[PDB]
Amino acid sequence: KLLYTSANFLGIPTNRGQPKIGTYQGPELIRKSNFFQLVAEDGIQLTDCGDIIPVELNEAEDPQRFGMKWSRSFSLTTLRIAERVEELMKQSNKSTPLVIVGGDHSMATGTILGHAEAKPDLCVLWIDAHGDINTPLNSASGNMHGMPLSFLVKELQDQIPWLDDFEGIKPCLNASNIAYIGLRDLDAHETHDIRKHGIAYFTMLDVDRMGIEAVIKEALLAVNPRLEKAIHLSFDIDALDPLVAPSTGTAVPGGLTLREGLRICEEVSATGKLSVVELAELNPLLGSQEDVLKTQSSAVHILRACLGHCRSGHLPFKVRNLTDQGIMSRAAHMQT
């Protein structure tokens, strides 16, 4: 009765991809929730594989290079993440989805790198208000969480500056393997690159005009037309409207409703090809206590959908019956 009967859970508390402290508490926000319990109530066996420890260098060891902040912390963390994800995905080779909770979105360079080592023909569905595809000299901020796809996309490599410590970060994605949903705050140079190299993208304007059901269908058709490929689902929590996920660093008004979010994850889950889902940019240090609780529960419902939770209900494993307990029913009594 289950598409996935087992899953792995992994925390990655990245916080050097952007300057607001708190994304390192993202994984704990989910472990504190009722997520594990709810997943078990649906019959799925979920193993907590712990946390990856990011490499966090001090300032002297990691000065700006090409405007990037903490780029050596990033290159070392990226390789450490990729190694771990690769090994998790190879022991898994019904499939066993890996659920990753961040951490700021700079982690995706590592998770996709490692994922692609185990499954080189994968596709990527990127759910985000933002493109996360700035090349370093175009980044207005220097924040690495705004650049993680640019290092992975083969077509962009003539706009990435060479750095020795980045050598092991091999571009493993073709522009044709990525589709965006949720965009509403692209930088001009992101827009240029996306359109030039033909990356499939469905912005909130597309969601408004097409509806989320057509958008999901067209995104899957664009990068996984016959469901042949493993799916890496990279879900930025700020893809969702600030009304349901306020506790995140770069919140943008006019986002996906929670329900639109669930629909993306439900459809992706139902392909049977969900290989990795990562959830980025939870920051429980942002907003009120009630803000944190809203963001937490949105995250939990999103992750549950990813593992196959069905809003139209699940059947019980064992169907209970009164007579087995030696109890007299109303129907039985009315008979006698």
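For every residue, the number given is its place in the sequence shown, counted from 1.
Q: What stretch has the higher average Cα B-factor here, 149 to 157 or 234 to 242?
A: That would be 149 to 157.
Q: Do the C-alpha atoms of 189 to 197 or of 163 to 171 have the higher average B factor in the entry?
A: Stretch with the higher mean C-alpha B-factor: 163 to 171.
Q: Going by the CA temperature factor in the entry, name the top one among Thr257, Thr248, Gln91, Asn177.
A: So the option with the highest C-alpha B-factor is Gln91.
Q: Go through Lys294, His301, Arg311, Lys32 one by one and give the residue whose Cα B-factor in the PDB entry is largest.
A: Answer, based on the entry's C-alpha B-factors: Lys32.
Q: Which third of the chain does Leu307 land in by C-alpha B-factor: lowest, middle or highest?
A: For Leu307, whose C-alpha B-factor we compare with every modelled residue in the chain, the answer is the middle third.
Q: Based on the deposited C-alpha B factors for this chain, I'd like to know if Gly26 is in the lowest, middle or highest third.
A: Tercile = lowest for this residue's CA B-factor.
Q: How does the C-alpha B factor of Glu266 compare with the rest of the chain: lowest, middle or highest third?
A: Within its chain, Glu266 is a lowest-third residue by C-alpha B-factor, going by the deposited values.
Q: Considering every modelled residue of the chain and its Cα B-factor in the PDB entry, is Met107 in the lowest, middle or highest third?
A: As the PDB entry reports it, the C-alpha B-factor of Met107 lands in the lowest third of its chain.
Q: Sort the modelled residues of this chain by their C-alpha B factor and say whether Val319 lands in the lowest, middle or highest third.
A: For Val319, whose C-alpha B-factor we compare with every modelled residue in the chain, the answer is the highest third.
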